[PDB]
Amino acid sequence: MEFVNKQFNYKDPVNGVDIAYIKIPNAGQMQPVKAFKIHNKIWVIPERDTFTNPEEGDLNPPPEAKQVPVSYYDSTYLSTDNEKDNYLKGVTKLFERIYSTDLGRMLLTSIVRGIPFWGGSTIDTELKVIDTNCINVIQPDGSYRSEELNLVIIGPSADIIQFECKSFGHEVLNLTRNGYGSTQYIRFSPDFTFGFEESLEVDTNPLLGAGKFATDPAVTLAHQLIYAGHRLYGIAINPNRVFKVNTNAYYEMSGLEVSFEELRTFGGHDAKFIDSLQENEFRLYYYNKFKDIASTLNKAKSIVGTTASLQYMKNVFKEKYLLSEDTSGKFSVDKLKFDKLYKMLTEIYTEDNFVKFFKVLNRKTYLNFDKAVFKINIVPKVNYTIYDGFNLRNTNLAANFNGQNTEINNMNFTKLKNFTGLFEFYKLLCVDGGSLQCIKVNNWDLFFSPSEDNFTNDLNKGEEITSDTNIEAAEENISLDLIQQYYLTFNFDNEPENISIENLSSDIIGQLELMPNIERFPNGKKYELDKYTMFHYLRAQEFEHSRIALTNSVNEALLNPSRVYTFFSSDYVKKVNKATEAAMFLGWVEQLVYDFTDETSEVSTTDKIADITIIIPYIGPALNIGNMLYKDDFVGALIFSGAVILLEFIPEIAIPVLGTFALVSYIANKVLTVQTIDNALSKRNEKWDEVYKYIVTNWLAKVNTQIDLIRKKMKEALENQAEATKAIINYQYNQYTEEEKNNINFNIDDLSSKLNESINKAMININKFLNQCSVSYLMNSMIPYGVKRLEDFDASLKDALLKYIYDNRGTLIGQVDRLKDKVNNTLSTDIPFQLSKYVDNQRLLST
């Protein structure tokens, strides 16, 4: 123990201090629930949540199917003392795991300091607690006392693997969006986790194992705490701000509900989907909310419902909001300290950064959707530790995230049935009109495609440059060094003491926050197409797990369920389809492993594209890129038109005529005229940086996302090939009569392992290629439209400033040539584009 300085057993008796039956805010009445206080301001309740929502009482699968990639239902889970005990030890262990990291130590500390604001009075000269931020703690003698708290962890409602962060609302105030904060209830379970597919970590790991991987539940809990942090500090982005997707095209998703907050909280490339304009909008919005809080602290003449003094309570909120105070005692919001605190909560505390600290395998995007659900047990030390998670040191599970590999570490992951059917939410893609060849494509296997309305700019808007024009210091890049800098400003003692309040009504009446009405997206929309598609080519490579598979080179594999499509050569099919005599089986399998490697490790080298040095030719026939077909045709297609060929949809990238600067002059004041010129020149630098950041934003959301899904499909295609080949080989083995056992002695697992190495080796090359395309399209097809407008702008500012200096040669006299040289040198050179200035992540940065 360390963060949880207590080693609870569920059955331990009640004491009314850290083990007690409690009453939480509720729509009407609830019977007390036995709860545990694991740490100051933080409680845990080992019950399924049938309390927080009056609508969520039943624990069964709902009548309406629910449009999520993964879900799980079992009304029996968490109803025994034994399960409750294990939940309590599970949640505890995850807290300790989060606390062992520098990042987690800060976040948990931030959480404890983030006391919800005392803004419950209708009289604005008083500080009063808001009741729904408290709970009632039953005593052994039957009586109760009320207590403030910041965080409650409760078991999930009906859908066992829907982890979410809920809190109670107010009649007039928006507590999670006004700076105040409110006590957060996290529905969470440490007894289940998600299965997902990797594609992005093989470069740093050639030896990565075969199938699905398991999310470390410490990441899942951290993510939720990050949400909780935002709402505790009342700076959460309105849930009405969401990423709207286009849905009408055949390759697009039928729908997706991602919020700004969800993407902000993940971090990584996803956070950069949110354009600067809205980012400045949100920061400025919460700045003002903090300002209002300071005012209210200055208005306060009294405090009700506690024995703590006004002075102590004013000090608590000064400490939370990092307010400064005069010697007279006036509280204020310093713009510098705010920006630091808001960045810490907003951009330092992200899911992507925790993964850096946990050293686990994890999704690199929110758009990498969960695929499976697993039963887990993280309590035994031999399963999962505070220090390594599943990947225990000095064990087979230490390297290549093996302990997270669902196949190698099968003792630890039991697959459960996904209650969301594979083709429950889908589009129907058909090719030829009386006869049709139709395939269902899972909603979440389709393309992202954000709508144009999510991206805004004021690049067209003009400006006046004065000697008083604000120059903003360049944004300090989010990195492990910045996090280190913030870690050193923490002082890990002096958490706000558990002050006693007067008792509330024994039933705390509260409603959860609105949660906006969101209509189900349409389902099973049919599409009639003339040409096969990426999805068709992919489906053709699958077979049924009547048993004898055969490989072939055309999509009529979509016709026979016993023929499977391969993008491998005609030579390879002859060999793998060839019926093989027993005395020659081993030599056959060995040669097939070499052939498989030769087919998958193909790399064409070029100097004809620029920003693209390698080309993997088989991506052409593997996913039907451009439709044209043929490997040597694909290299030719790529060389002719560049990276665009890979995209399913071409983004629009319209940069308007950039707003020009009008300069103000100051007759006979040399110094202020000098400042106007400098402020104009540094404002051009800002303008360049702004167009670059805007283009990058667009590129990440509309382009790089397409490539991200294209590597997933490439890993699928490869996996499909290895399965077809294995099936074929195993069928061949199974035809021999007992000349198998003593003589052949064939290990299908060693084969499966060899093929997995090839797939790994191939994906290294595929990642290199797809990154190059991605960056290439940015550099050649998007950035040039930015630079063009910026060039026109420099020429305008050049003329303005050389005229301005001439018209003020009377005022400037001392140094007109100096300033004339400064303008000529600054504006005759483009500000060069550095990608590391605009992405914090490391992939696509090597390139």
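The numbering used is simple: start at 1 and walk along the sequence shown.
In this entry, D432 is separated from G433 by 10 or more residues of the deposited sequence that have no coordinates. Going from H545 to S546, the model skips 1 to 3 deposited residues, which lack coordinates. As listed in the deposited structure, the average C-alpha B-factor of 489 to 497 and of 703 to 711 is greater for 489 to 497. The PDB entry records a higher mean C-alpha B factor for 320 to 328 than for its counterpart among 320 to 328 and 112 to 120. Across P46, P32, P69, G57, the greatest Cα temperature factor reported in the deposited entry is at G57.
In this entry, the residue among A294, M253, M584, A271 with the greatest C-alpha B factor is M584. The PDB entry assigns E126 a C-alpha temperature factor belonging to the middle third of its chain's modelled residues. Looking at the C-alpha B-factors along this chain, the one for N53 belongs to the highest third. The entry lists a Cα temperature factor for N808 that places it in the highest third of the chain's modelled residues.
Annotation for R363: C-alpha temperature factor in the lowest third relative to the rest of the modelled chain, per the entry. Sorting the modelled residues of the chain by their CA temperature factor places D18 in the lowest third.
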